[PDB]
Amino acid sequence: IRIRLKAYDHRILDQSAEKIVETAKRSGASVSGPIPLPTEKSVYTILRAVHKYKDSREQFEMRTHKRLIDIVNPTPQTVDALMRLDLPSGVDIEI
Amino acid sequence: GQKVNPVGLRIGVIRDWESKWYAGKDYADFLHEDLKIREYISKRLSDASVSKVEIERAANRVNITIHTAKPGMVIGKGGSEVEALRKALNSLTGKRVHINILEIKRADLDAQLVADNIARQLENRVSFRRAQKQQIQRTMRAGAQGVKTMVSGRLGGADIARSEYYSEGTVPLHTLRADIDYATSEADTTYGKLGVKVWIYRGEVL
Amino acid sequence: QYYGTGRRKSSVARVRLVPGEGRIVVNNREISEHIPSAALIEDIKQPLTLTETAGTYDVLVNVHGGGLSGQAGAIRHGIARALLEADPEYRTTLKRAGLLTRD
Amino acid sequence: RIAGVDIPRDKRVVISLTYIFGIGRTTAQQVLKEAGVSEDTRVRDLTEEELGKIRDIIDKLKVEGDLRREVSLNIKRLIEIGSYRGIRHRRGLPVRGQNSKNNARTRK
Amino acid sequence: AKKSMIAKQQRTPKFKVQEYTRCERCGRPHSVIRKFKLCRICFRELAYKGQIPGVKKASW
Amino acid sequence: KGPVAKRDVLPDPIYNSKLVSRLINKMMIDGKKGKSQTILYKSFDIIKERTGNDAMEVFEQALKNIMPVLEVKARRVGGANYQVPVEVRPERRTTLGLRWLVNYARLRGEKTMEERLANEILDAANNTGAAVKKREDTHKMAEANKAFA
Amino acid sequence: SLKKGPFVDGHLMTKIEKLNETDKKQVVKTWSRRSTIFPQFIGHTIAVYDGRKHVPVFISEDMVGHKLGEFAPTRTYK
RNA sequence: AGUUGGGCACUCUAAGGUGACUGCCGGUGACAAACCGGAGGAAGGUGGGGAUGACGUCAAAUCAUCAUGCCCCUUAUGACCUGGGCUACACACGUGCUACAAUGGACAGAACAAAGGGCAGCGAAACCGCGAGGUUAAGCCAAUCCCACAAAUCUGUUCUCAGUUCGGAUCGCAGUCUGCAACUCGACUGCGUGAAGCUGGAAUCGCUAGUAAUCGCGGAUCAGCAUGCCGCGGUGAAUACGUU
């Protein structure tokens, strides 16, 4: 029961993490807090000009934030609660 | 080599994304689909003065939010418009599409709407010297700590083009907390193509 | 077991000072077996010589990252931190000689 | 001695054989391992038996005897029949294939 | 001479190795990225105006 | 603007001294400080073996014999290009000594550097090394143009 | 084609077979400069299109281990 | 074999906070503004670095990213296909890489990293081949598995500056991969050759600190191609008198 939540901004991931943790704990999941997981970022160095001026460039950043949540106790009530969770698209839940 | 688009700079800090979804193995497909959707809806509602459109993917489900400033026209009879829109969007995408509409209070503060109005006025043969100051005063009366307009291209004078600037108030494009709405619009006229750049300063957040 | 953190040039050192004779262990190895160029060694020993701690404490260190120079820097930083945790009486001696800057 | 002019003055047996047209570094070791000279010696400080073994081993190989003629024979083969490669070889141009607007100037 | 070459790229060639990439927005070669499938200029312009959900300005 | 200072490793495992560490810092090609350290240690060992004298005293004598007291800068008085002698500060004297030592040692030419450095140090301590010749040449240059000061 | 065997076009192979089946004929116009030269191609005069025109070439013993384009320059340098 | 039992101390990781702000003392000073030093402090005087580039000049560059008025072709300046060419080469010039050497050559043993990519994709391990590489194939949608066996460095043998065990250019032969296809026109490997070069004149360029210099690693584009561009780490200094 390993919930892999990955998002682009922590500002949204924090609310989803708090909500899932609360929903799981209320029944007895014995779930550990949101486990901070290392981020993965990819850079895209790009020429800012059209034709000339190779030296001029612009760098855009890819940032992805993900955190793990593990549930120990079966407590199928927790699974039922998890099944009915509706959150924004930035979470991309994956068990 | 001059100022960068403020919108492209404030993103990730204060301004929110105009698109939100984690794409698994289909990021390019989702991107192109949403680009096609935006182009379609823009060329369809151009007569409705639409400013922006955000989209969210909900696992084979699409949610759309439209900021119109005049939804009465976008809804029309209610079922007619929503159908003509959602049926076509589902046909293009092939999956479920859901639509939502939001009204805009004080439409004079939206960059895209003001830019489109100025482009229409210019295409309507209205004098820029008037339109610029008129829109500036309208925005200032609608509530804004700073506004600025730009008009460049063949204004009908001669084979020598120029760019005009009109503004008032504080417009600190360098301040990283300004929440400035910058929008560009094009106006294809009989003498050529004109470009309008309008960035509006509504206020900062502490 | 006086513990002290040490970092330098993308390196990390976990130093724990235990009562012994002065035997220093680096990832279950000796000083020379892992750190040639005795210049670094005497540099690592600078905090141990400024104060009277010749052979009153054994050192067990776990290092990771950086290079030999950065590893020695993190090692000496952690040694200084642990020895300060042991006896803060002479904090001025080390501060005058550095070891509390984290370059 | 070996195949002609010898160079046993002060070069080790491993590198002394390199001066011969047809022997490099690896081939020198391949020969000396069969000869059994330990590859740590100077040619002038050798016995008649070891020298004879080395000379026979070299005679068994193509060392400066037929290589300089086989190369020219192949060159003529690939020149006499057109062979744009061979045309470049004859004209004094790079043969393996390289751009001409730049370096590879070693051919005129 | 853009839409013609666009249809060319769309049509499956005799040898699959002939296939290549295009922007699909302006139809340009020369640095169309695979992940985004957009060219340099279009990619920059779209990233500026809110689109491209995850990408932001880089700095470090 | 204003001036600024700088420091380096003062101690040294063998031949503990500030100037020895400064020299070790010099002759550091491509940042390979370990190679310079090893070469200097081997050269000092060769100095102490070839002669029954401590390398410290020989090194100090060579430094003092190489220390250029007077420099000669450039002063473009119109189309004259005059050269004016200059009093060298002790730090500048030491830096010039180290520079000349390293340069003439690498210029000597031998099987290995350590031998060149040992020979150069021995000659300088005897007031006969190439660095001493450079000192004498600089002193003569300063003398020729001493009329300016 | 290195270990897959010598490479050759199908049309050129069919033409060379129709040629060698009974006897030699006039020069053959072929645009394939990539195809190799098999041992059976000896005596078959063929004209390679070097971009400008079709240049005839006669195959021989020393021309089996190479390709056709080796005997059909595409650029002129006097 | 950190694998296992046990734990979340420490490192590390990712969220919220504190901290640094001329904050305090001495001195100078118009008492202020401001400056030198000092103590506390991890950080002292915009701490180090990146984005943030005003009005305007250069009718600077781009109709070839896109659109674009005017003019022009329109059974053709529009459109389809094979091959060649875009890689030419008498000579010169910028940018970058390799050397001219013993701080090094060749060989043997040992050790420290960071960052990032991976689904028709990365591909361990095994077998085979003097080698580029081929077959089977675990694992990996990823802090797990792979890319990926880091190099400089240390420790040992040896060469003594011989156009050399430096240089490998160039060349003949024999193989490997890619892809319909490698001659014109790719890369890599083994055998043999090894050319010039012995540090470079006019003059000129970059760098005031983890900088230069030096040695490697990954990535985009990509079937295939990297001395090119971006990023990361390892070793790592000297000067700054003073504006003539």
# chains A, B, ... in the order shown; residues from 1 in each chain; ligands from 1
call {"tool": "residues_around", "arguments": {"residues": "residue H:236", "least_positions_apart": "5", "cutoff": "10 Å", "atoms": "only C-alpha atoms (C1' of nucleotides)", "output": "list in words"}}
result
residues 25, 28, 29, 30, 31, 32 and 33 of chain F; 210, 212, 213 and 214 of chain H
call {"tool": "residues_around", "arguments": {"residues": "residue E:35", "least_positions_apart": "5", "cutoff": "9 Å", "atoms": "only C-alpha atoms (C1' of nucleotides)", "output": "VMD selection string"}}
result
chain B and resid 26 to 28
call {"tool": "interface_residues", "arguments": {"of": "chain G", "to": "chain H", "cutoff": "9 Å", "atoms": "only C-alpha atoms (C1' of nucleotides)", "output": "mmCIF file with N, CA, C and O atoms, in the first residue's frame"}}
result
data_model
loop_
_atom_site.group_PDB
_atom_site.id
_atom_site.type_symbol
_atom_site.label_atom_id
_atom_site.label_comp_id
_atom_site.auth_asym_id
_atom_site.auth_seq_id
_atom_site.Cartn_x
_atom_site.Cartn_y
_atom_site.Cartn_z
ATOM 1 N N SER G 1 26.032 -2.878 -45.279
ATOM 2 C CA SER G 1 26.072 -4.334 -45.326
ATOM 3 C C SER G 1 27.501 -4.838 -45.177
ATOM 4 O O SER G 1 28.307 -4.729 -46.101
ATOM 5 N N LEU G 2 27.808 -5.392 -44.005
ATOM 6 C CA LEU G 2 29.138 -5.899 -43.700
ATOM 7 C C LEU G 2 29.144 -7.412 -43.521
ATOM 8 O O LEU G 2 29.897 -8.113 -44.201
ATOM 9 N N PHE G 7 26.053 -6.301 -50.805
ATOM 10 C CA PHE G 7 24.773 -5.676 -51.105
ATOM 11 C C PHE G 7 24.681 -5.369 -52.593
ATOM 12 O O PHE G 7 25.685 -5.030 -53.227
ATOM 13 N N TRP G 31 21.519 3.597 -62.290
ATOM 14 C CA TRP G 31 21.700 4.702 -61.360
ATOM 15 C C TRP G 31 22.178 4.250 -59.987
ATOM 16 O O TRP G 31 22.297 5.085 -59.085
ATOM 17 N N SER G 32 22.453 2.961 -59.807
ATOM 18 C CA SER G 32 22.866 2.430 -58.513
ATOM 19 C C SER G 32 24.381 2.528 -58.385
ATOM 20 O O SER G 32 25.116 1.752 -59.003
ATOM 21 N N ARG G 33 24.850 3.484 -57.583
ATOM 22 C CA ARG G 33 26.264 3.587 -57.253
ATOM 23 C C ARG G 33 26.620 2.873 -55.958
ATOM 24 O O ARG G 33 27.807 2.775 -55.626
ATOM 25 N N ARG G 34 25.624 2.380 -55.223
ATOM 26 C CA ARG G 34 25.876 1.718 -53.950
ATOM 27 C C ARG G 34 26.206 0.242 -54.125
ATOM 28 O O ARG G 34 26.998 -0.308 -53.352
ATOM 29 N N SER G 35 25.614 -0.408 -55.123
ATOM 30 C CA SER G 35 25.768 -1.847 -55.282
ATOM 31 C C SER G 35 27.234 -2.224 -55.449
ATOM 32 O O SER G 35 28.018 -1.491 -56.058
ATOM 33 N N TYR G 49 25.487 6.495 -63.586
ATOM 34 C CA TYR G 49 25.042 7.883 -63.671
ATOM 35 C C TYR G 49 25.695 8.662 -62.537
ATOM 36 O O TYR G 49 25.273 8.574 -61.382
ATOM 37 N N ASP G 50 26.729 9.430 -62.869
ATOM 38 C CA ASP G 50 27.457 10.228 -61.892
ATOM 39 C C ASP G 50 26.794 11.571 -61.616
ATOM 40 O O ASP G 50 27.453 12.474 -61.094
ATOM 41 N N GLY G 51 25.513 11.726 -61.958
ATOM 42 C CA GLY G 51 24.791 12.967 -61.801
ATOM 43 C C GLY G 51 24.733 13.790 -63.071
ATOM 44 O O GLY G 51 23.701 14.410 -63.353
ATOM 45 N N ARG G 52 25.819 13.801 -63.842
ATOM 46 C CA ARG G 52 25.874 14.538 -65.098
ATOM 47 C C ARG G 52 25.379 13.675 -66.255
ATOM 48 O O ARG G 52 24.410 14.029 -66.935
ATOM 49 N N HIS G 66 35.162 -3.843 -54.754
ATOM 50 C CA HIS G 66 34.773 -2.448 -54.604
ATOM 51 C C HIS G 66 33.381 -2.232 -55.194
ATOM 52 O O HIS G 66 32.753 -3.151 -55.724
ATOM 53 N N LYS G 67 32.905 -0.995 -55.093
ATOM 54 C CA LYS G 67 31.584 -0.616 -55.565
ATOM 55 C C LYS G 67 31.678 0.108 -56.904
ATOM 56 O O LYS G 67 32.761 0.428 -57.399
ATOM 57 N N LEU G 68 30.507 0.377 -57.486
ATOM 58 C CA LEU G 68 30.461 1.028 -58.790
ATOM 59 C C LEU G 68 30.885 2.487 -58.696
ATOM 60 O O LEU G 68 31.643 2.977 -59.541
ATOM 61 N N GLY G 69 30.409 3.198 -57.673
ATOM 62 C CA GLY G 69 30.715 4.611 -57.545
ATOM 63 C C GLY G 69 32.195 4.917 -57.472
ATOM 64 O O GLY G 69 32.597 6.059 -57.723
ATOM 65 N N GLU G 70 33.021 3.924 -57.132
ATOM 66 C CA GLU G 70 34.462 4.148 -57.092
ATOM 67 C C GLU G 70 35.006 4.536 -58.459
ATOM 68 O O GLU G 70 36.054 5.184 -58.550
ATOM 69 N N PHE G 71 34.312 4.151 -59.530
ATOM 70 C CA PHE G 71 34.734 4.431 -60.897
ATOM 71 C C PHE G 71 33.784 5.397 -61.599
ATOM 72 O O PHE G 71 33.601 5.321 -62.816
ATOM 73 N N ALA G 72 33.173 6.307 -60.845
ATOM 74 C CA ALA G 72 32.222 7.271 -61.401
ATOM 75 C C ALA G 72 32.295 8.557 -60.594
ATOM 76 O O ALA G 72 31.443 8.827 -59.738
ATOM 77 N N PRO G 73 33.312 9.382 -60.839
ATOM 78 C CA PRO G 73 33.432 10.639 -60.092
ATOM 79 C C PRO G 73 32.230 11.543 -60.321
ATOM 80 O O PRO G 73 31.693 11.628 -61.428
ATOM 81 N N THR G 74 31.812 12.227 -59.256
ATOM 82 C CA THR G 74 30.679 13.140 -59.307
ATOM 83 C C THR G 74 31.092 14.605 -59.311
ATOM 84 O O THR G 74 30.239 15.470 -59.531
ATOM 85 N N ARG G 75 32.369 14.903 -59.077
ATOM 86 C CA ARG G 75 32.868 16.269 -59.070
ATOM 87 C C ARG G 75 34.094 16.370 -59.964
ATOM 88 O O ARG G 75 34.890 15.433 -60.065
ATOM 89 N N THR G 76 34.234 17.521 -60.614
ATOM 90 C CA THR G 76 35.293 17.764 -61.582
ATOM 91 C C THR G 76 36.344 18.681 -60.973
ATOM 92 O O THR G 76 36.010 19.731 -60.414
ATOM 93 N N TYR G 77 37.609 18.281 -61.083
ATOM 94 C CA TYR G 77 38.735 19.093 -60.637
ATOM 95 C C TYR G 77 39.823 19.101 -61.703
ATOM 96 O O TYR G 77 41.018 19.029 -61.401
#
call {"tool": "interface_residues", "arguments": {"of": "chain C", "to": "chain F", "cutoff": "9 Å", "atoms": "only C-alpha atoms", "output": "tab-separated table (two decimals) with C-alpha atoms, in the first residue's frame"}}
result
chain	number	residue	atom	x	y	z
C	37	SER	CA	49.81	13.21	1.51
C	38	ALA	CA	50.43	13.74	5.21
C	39	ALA	CA	49.85	17.48	4.73
C	41	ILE	CA	46.68	14.57	7.92
C	42	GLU	CA	48.45	17.26	9.92
C	43	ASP	CA	45.73	19.63	8.71
call {"tool": "closest_atom_pairs", "arguments": {"of": "chain D", "to": "chain H", "cutoff": "10 Å", "atoms": "only C-alpha atoms (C1' of nucleotides)", "output": "JSON lines"}}
result
{"residue": "D:11", "atom": "CA", "partner": "H:165", "partner_atom": "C1'", "distance": 9.4}
{"residue": "D:12", "atom": "CA", "partner": "H:165", "partner_atom": "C1'", "distance": 9.5}
{"residue": "D:14", "atom": "CA", "partner": "H:165", "partner_atom": "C1'", "distance": 9.3}
{"residue": "D:15", "atom": "CA", "partner": "H:165", "partner_atom": "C1'", "distance": 6.8}
{"residue": "D:16", "atom": "CA", "partner": "H:165", "partner_atom": "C1'", "distance": 9.9}
{"residue": "D:18", "atom": "CA", "partner": "H:165", "partner_atom": "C1'", "distance": 9.7}
{"residue": "D:21", "atom": "CA", "partner": "H:192", "partner_atom": "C1'", "distance": 7.4}
{"residue": "D:22", "atom": "CA", "partner": "H:192", "partner_atom": "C1'", "distance": 5.2}
{"residue": "D:23", "atom": "CA", "partner": "H:192", "partner_atom": "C1'", "distance": 6.8}
{"residue": "D:24", "atom": "CA", "partner": "H:192", "partner_atom": "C1'", "distance": 7.1}
{"residue": "D:25", "atom": "CA", "partner": "H:165", "partner_atom": "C1'", "distance": 9.0}
{"residue": "D:26", "atom": "CA", "partner": "H:191", "partner_atom": "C1'", "distance": 9.0}
{"residue": "D:27", "atom": "CA", "partner": "H:191", "partner_atom": "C1'", "distance": 8.4}
{"residue": "D:40", "atom": "CA", "partner": "H:158", "partner_atom": "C1'", "distance": 9.8}
{"residue": "D:63", "atom": "CA", "partner": "H:192", "partner_atom": "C1'", "distance": 9.2}
{"residue": "D:64", "atom": "CA", "partner": "H:192", "partner_atom": "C1'", "distance": 9.6}
{"residue": "D:67", "atom": "CA", "partner": "H:192", "partner_atom": "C1'", "distance": 8.4}
{"residue": "D:68", "atom": "CA", "partner": "H:172", "partner_atom": "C1'", "distance": 9.8}
{"residue": "D:70", "atom": "CA", "partner": "H:172", "partner_atom": "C1'", "distance": 8.5}
{"residue": "D:71", "atom": "CA", "partner": "H:172", "partner_atom": "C1'", "distance": 5.4}
{"residue": "D:72", "atom": "CA", "partner": "H:172", "partner_atom": "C1'", "distance": 8.3}
{"residue": "D:73", "atom": "CA", "partner": "H:172", "partner_atom": "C1'", "distance": 9.6}
{"residue": "D:74", "atom": "CA", "partner": "H:172", "partner_atom": "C1'", "distance": 7.2}
{"residue": "D:75", "atom": "CA", "partner": "H:172", "partner_atom": "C1'", "distance": 7.4}
{"residue": "D:83", "atom": "CA", "partner": "H:183", "partner_atom": "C1'", "distance": 8.5}
{"residue": "D:84", "atom": "CA", "partner": "H:183", "partner_atom": "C1'", "distance": 7.7}
{"residue": "D:85", "atom": "CA", "partner": "H:183", "partner_atom": "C1'", "distance": 7.8}
{"residue": "D:89", "atom": "CA", "partner": "H:171", "partner_atom": "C1'", "distance": 9.2}
{"residue": "D:93", "atom": "CA", "partner": "H:170", "partner_atom": "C1'", "distance": 9.9}
{"residue": "D:94", "atom": "CA", "partner": "H:170", "partner_atom": "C1'", "distance": 7.4}
{"residue": "D:95", "atom": "CA", "partner": "H:171", "partner_atom": "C1'", "distance": 7.5}
{"residue": "D:96", "atom": "CA", "partner": "H:171", "partner_atom": "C1'", "distance": 7.7}
{"residue": "D:97", "atom": "CA", "partner": "H:185", "partner_atom": "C1'", "distance": 8.9}
{"residue": "D:98", "atom": "CA", "partner": "H:87", "partner_atom": "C1'", "distance": 8.1}
{"residue": "D:99", "atom": "CA", "partner": "H:87", "partner_atom": "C1'", "distance": 5.8}
{"residue": "D:100", "atom": "CA", "partner": "H:89", "partner_atom": "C1'", "distance": 5.5}
{"residue": "D:101", "atom": "CA", "partner": "H:89", "partner_atom": "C1'", "distance": 5.1}
{"residue": "D:102", "atom": "CA", "partner": "H:89", "partner_atom": "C1'", "distance": 8.0}
{"residue": "D:103", "atom": "CA", "partner": "H:169", "partner_atom": "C1'", "distance": 9.9}
{"residue": "D:104", "atom": "CA", "partner": "H:170", "partner_atom": "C1'", "distance": 7.6}
{"residue": "D:105", "atom": "CA", "partner": "H:170", "partner_atom": "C1'", "distance": 9.0}
{"residue": "D:106", "atom": "CA", "partner": "H:170", "partner_atom": "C1'", "distance": 6.1}
{"residue": "D:107", "atom": "CA", "partner": "H:170", "partner_atom": "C1'", "distance": 7.6}
call {"tool": "write_last_selection", "arguments": {"atoms": "N, CA and C atoms", "output": "short mmCIF file (atom, residue, chain, number, x, y, z; two decimals), in the first residue's frame"}}
result
data_model
loop_
_atom_site.label_atom_id
_atom_site.label_comp_id
_atom_site.auth_asym_id
_atom_site.auth_seq_id
_atom_site.Cartn_x
_atom_site.Cartn_y
_atom_site.Cartn_z
N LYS D 11 68.79 -0.23 -26.90
CA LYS D 11 67.35 -0.35 -26.77
C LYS D 11 66.97 -1.75 -26.31
N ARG D 12 65.98 -1.81 -25.43
CA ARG D 12 65.51 -3.09 -24.92
C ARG D 12 64.97 -3.95 -26.06
N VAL D 14 62.34 -5.48 -26.42
CA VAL D 14 60.94 -5.21 -26.76
C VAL D 14 60.84 -4.06 -27.75
N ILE D 15 61.63 -3.01 -27.53
CA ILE D 15 61.58 -1.83 -28.38
C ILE D 15 62.62 -1.85 -29.50
N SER D 16 63.66 -2.68 -29.38
CA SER D 16 64.66 -2.76 -30.44
C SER D 16 64.04 -3.29 -31.73
N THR D 18 61.10 -2.87 -32.77
CA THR D 18 60.15 -1.93 -33.37
C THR D 18 60.76 -1.19 -34.55
N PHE D 21 60.89 -2.68 -40.12
CA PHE D 21 59.68 -2.41 -40.89
C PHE D 21 58.78 -3.63 -40.92
N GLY D 22 57.82 -3.69 -40.00
CA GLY D 22 56.91 -4.82 -39.93
C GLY D 22 56.65 -5.28 -38.51
N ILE D 23 57.41 -4.74 -37.56
CA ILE D 23 57.28 -5.10 -36.15
C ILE D 23 56.90 -3.85 -35.37
N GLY D 24 55.86 -3.96 -34.55
CA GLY D 24 55.47 -2.89 -33.65
C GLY D 24 55.74 -3.26 -32.20
N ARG D 25 54.88 -2.80 -31.30
CA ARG D 25 55.04 -3.11 -29.88
C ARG D 25 54.40 -4.45 -29.52
N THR D 26 53.15 -4.66 -29.92
CA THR D 26 52.46 -5.90 -29.58
C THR D 26 53.12 -7.09 -30.26
N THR D 27 53.44 -6.96 -31.55
CA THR D 27 54.10 -8.05 -32.26
C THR D 27 55.46 -8.38 -31.65
N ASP D 40 62.83 -8.33 -20.83
CA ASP D 40 63.58 -7.36 -20.03
C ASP D 40 65.06 -7.64 -20.24
N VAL D 63 58.33 -9.61 -42.26
CA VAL D 63 58.96 -8.49 -41.58
C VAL D 63 59.90 -7.82 -42.57
N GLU D 64 59.43 -6.75 -43.21
CA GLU D 64 60.27 -5.91 -44.06
C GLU D 64 60.72 -6.63 -45.32
N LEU D 67 56.44 -7.08 -47.08
CA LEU D 67 55.43 -6.08 -46.75
C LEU D 67 55.55 -4.85 -47.65
N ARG D 68 56.78 -4.35 -47.82
CA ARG D 68 57.00 -3.17 -48.63
C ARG D 68 56.66 -3.39 -50.10
N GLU D 70 54.18 -5.87 -51.01
CA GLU D 70 52.75 -6.14 -51.03
C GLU D 70 51.95 -4.85 -50.96
N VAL D 71 52.43 -3.88 -50.17
CA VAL D 71 51.73 -2.60 -50.09
C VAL D 71 51.71 -1.93 -51.46
N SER D 72 52.85 -1.90 -52.14
CA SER D 72 52.91 -1.28 -53.47
C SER D 72 52.08 -2.06 -54.47
N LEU D 73 52.04 -3.39 -54.34
CA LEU D 73 51.23 -4.20 -55.24
C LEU D 73 49.75 -3.88 -55.07
N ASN D 74 49.28 -3.77 -53.83
CA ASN D 74 47.89 -3.42 -53.59
C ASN D 74 47.59 -2.00 -54.08
N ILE D 75 48.55 -1.09 -53.90
CA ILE D 75 48.37 0.28 -54.38
C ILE D 75 48.19 0.28 -55.89
N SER D 83 39.12 3.69 -59.70
CA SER D 83 39.18 3.62 -58.24
C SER D 83 39.49 5.00 -57.64
N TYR D 84 38.48 5.87 -57.73
CA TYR D 84 38.58 7.25 -57.23
C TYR D 84 39.46 7.33 -56.00
N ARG D 85 39.31 6.38 -55.07
CA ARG D 85 40.28 6.25 -53.99
C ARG D 85 41.71 6.18 -54.54
N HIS D 89 44.95 8.68 -54.35
CA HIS D 89 46.26 8.19 -53.94
C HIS D 89 47.34 8.60 -54.94
N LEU D 93 46.66 12.97 -52.86
CA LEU D 93 45.54 13.45 -52.07
C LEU D 93 45.19 12.42 -51.01
N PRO D 94 44.51 12.82 -49.94
CA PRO D 94 44.11 11.85 -48.92
C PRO D 94 43.28 10.72 -49.53
N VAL D 95 43.59 9.49 -49.13
CA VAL D 95 42.99 8.31 -49.73
C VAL D 95 41.89 7.71 -48.86
N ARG D 96 42.06 7.71 -47.53
CA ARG D 96 41.03 7.13 -46.67
C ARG D 96 39.72 7.90 -46.77
N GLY D 97 39.77 9.16 -47.20
CA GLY D 97 38.57 9.95 -47.38
C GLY D 97 38.46 11.08 -46.37
N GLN D 98 38.68 12.31 -46.83
CA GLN D 98 38.61 13.47 -45.96
C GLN D 98 38.30 14.69 -46.82
N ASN D 99 37.65 15.67 -46.20
CA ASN D 99 37.32 16.91 -46.90
C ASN D 99 38.59 17.61 -47.36
N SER D 100 38.48 18.34 -48.47
CA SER D 100 39.63 19.00 -49.07
C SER D 100 39.68 20.50 -48.80
N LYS D 101 38.59 21.09 -48.30
CA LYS D 101 38.59 22.52 -47.98
C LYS D 101 39.32 22.83 -46.68
N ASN D 102 39.99 21.85 -46.08
CA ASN D 102 40.53 21.99 -44.73
C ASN D 102 41.79 21.16 -44.56
N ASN D 103 42.11 20.79 -43.31
CA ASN D 103 43.27 19.98 -42.99
C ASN D 103 43.14 18.61 -43.66
N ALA D 104 44.07 17.70 -43.36
CA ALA D 104 44.43 16.59 -44.24
C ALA D 104 45.37 17.12 -45.31
N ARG D 105 46.07 18.20 -44.99
CA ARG D 105 47.07 18.81 -45.85
C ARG D 105 48.33 17.97 -46.02
N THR D 106 48.45 16.84 -45.31
CA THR D 106 49.65 16.03 -45.39
C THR D 106 49.91 15.47 -46.78
N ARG D 107 48.96 15.59 -47.70
CA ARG D 107 49.11 15.15 -49.09
C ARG D 107 49.18 16.42 -49.94
#
call {"tool": "interface_residues", "arguments": {"of": "chain H", "to": "chain E", "cutoff": "10 Å", "atoms": "only C-alpha atoms (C1' of nucleotides)", "output": "PyMOL selection string"}}
result
chain H and resi 49-51+65-66+78-79+179-180+220-221+223
call {"tool": "write_last_selection", "arguments": {"atoms": "C-alpha atoms (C1' of nucleotides)", "output": "PDB file, in the first residue's frame"}}
result
ATOM      1  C1'   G H  49      26.173  32.868  -8.197  1.00  0.00           C
ATOM      2  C1'   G H  50      21.600  33.212 -11.987  1.00  0.00           C
ATOM      3  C1'   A H  51      16.727  35.880 -13.935  1.00  0.00           C
ATOM      4  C1'   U H  65       9.382  30.785 -37.172  1.00  0.00           C
ATOM      5  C1'   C H  66       4.538  32.958 -37.987  1.00  0.00           C
ATOM      6  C1'   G H  78       3.121  26.045 -58.147  1.00  0.00           C
ATOM      7  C1'   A H  79       3.528  20.487 -57.294  1.00  0.00           C
ATOM      8  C1'   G H 179      20.289   2.151 -41.338  1.00  0.00           C
ATOM      9  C1'   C H 180      16.873   0.292 -48.083  1.00  0.00           C
ATOM     10  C1'   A H 220      19.533  17.835 -25.659  1.00  0.00           C
ATOM     11  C1'   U H 221      19.357  17.133 -31.234  1.00  0.00           C
ATOM     12  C1'   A H 223      18.780   4.551 -36.534  1.00  0.00           C
TER      13        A H 223
END
call {"tool": "atom_distance", "arguments": {"atom1": "atom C1' of residue H:142", "atom2": "atom CA of residue A:41"}}
result
14.3 Å
call {"tool": "select_by_dssp", "arguments": {"residues": "stretch 60-99 of chain C", "states": "strand (DSSP E or B)", "output": "ChimeraX atom specification"}}
result
/C:60-65
call {"tool": "interface_residues", "arguments": {"of": "chain B", "to": "chain A", "cutoff": "6 Å", "atoms": "only C-alpha atoms", "output": "MDAnalysis selection string"}}
result
chainID B and resid 21:22 58
call {"tool": "select_by_dssp", "arguments": {"residues": "chain C", "states": "helix (DSSP H, G or I)", "output": "MDAnalysis selection string"}}
result
chainID C and resid 31:34 38:50 68:86 88:97
call {"tool": "closest_residue", "arguments": {"among": "A:29, A:3, A:12, A:35", "to": "chain H", "atoms": "only C-alpha atoms (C1' of nucleotides)"}}
result
A:35
